[PDB]
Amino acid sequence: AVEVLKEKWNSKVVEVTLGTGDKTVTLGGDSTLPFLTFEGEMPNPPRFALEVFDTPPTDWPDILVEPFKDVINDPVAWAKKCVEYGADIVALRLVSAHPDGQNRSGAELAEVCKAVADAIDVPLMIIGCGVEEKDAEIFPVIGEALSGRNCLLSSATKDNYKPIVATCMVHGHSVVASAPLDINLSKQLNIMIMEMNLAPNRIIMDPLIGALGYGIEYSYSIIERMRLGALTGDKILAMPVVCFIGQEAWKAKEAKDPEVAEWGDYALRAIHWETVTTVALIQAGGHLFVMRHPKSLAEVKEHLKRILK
């Protein structure tokens, strides 16, 4: 007979738990490469969030807005529909916090964060507006307001960490650590974070990915390096990985431009762009996939049922 070649892996990706009580979701824990359960264990499958903006999106493609059209102005109702669409976790992006936008304050954002958290049965991930100075101001307020719920706060970077990490330690939250597609940058940021005594199982690495055709292959390899680092004993690499799928996939001209004759049917290619990005990075060893279109989530969840079979 053929002797199946089984790697003996030294170590594992830590298991991170998000949420609390009956709201928890676990991810990571892998002692093997994705799906190869003949050589190790996959205690958890990949997990999925859908996005909710606190104030409605002004640039989205019509095909993206449609599935949400009835709830899209109400971040609470929207989040409930995400859960009904099959999301494991809801990702609330606070766009209104933007200084050139509505520029909402810490106190105000804090209240909207509570309202969403309160209305749903799953963990809540909270994303800032992307302006570091502003996000460092609002997160300590939001975290205190949500204290004890174990939200995922997104995110910490090499030049902005301490505020978001301190809120996690004081108020019982988990953090996303973002570094730009580099193994050593990601490690150096995990080290700084753990030096504040935030536990290793409270962290999730964000590679800052590109989508299909847009740098997905760089993302793919960084994520494989993250998994292989974890498995071979490198403990600084031993944390689960988040990819913001929807954020990137839906910026692609292929996803957002309804007339290109050469590219065929728009509906098909728009969704493929997200699903193919998702599956590629699932194959690469990603854990948490933050998506946008409920149809993309639905087909990927089906693919997963098949590949776990």
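Residue numbers run from 1 along the displayed sequence.
Here the stretch with the larger average CA B-factor, out of 23-31 and 50-58, is 50-58. Look at the C-alpha B-factors of 61-69 and of 271-279. On average they run higher in 61-69.
Sorting 178, 150, 184, 105 by the CA temperature factor given in the entry leaves 105 at the top. Listed residues 146, 89, 204, 192 were ranked by CA B-factor as deposited; 146 comes out on top.
In the PDB entry, a CA B factor belonging to the middle third of its chain's modelled residues is recorded for residue 254. When the modelled residues of the chain are ordered by C-alpha B-factor, residue 97 sits in the highest third. In this PDB entry, residue 309 carries a Cα temperature factor that places it within the highest third of its chain's modelled residues.
Among all modelled residues in its chain, residue 221 ranks in the lowest third by Cα B-factor.
In the deposited entry, the Cα temperature factor of residue 158 sits in the top third of values across the chain's modelled residues.
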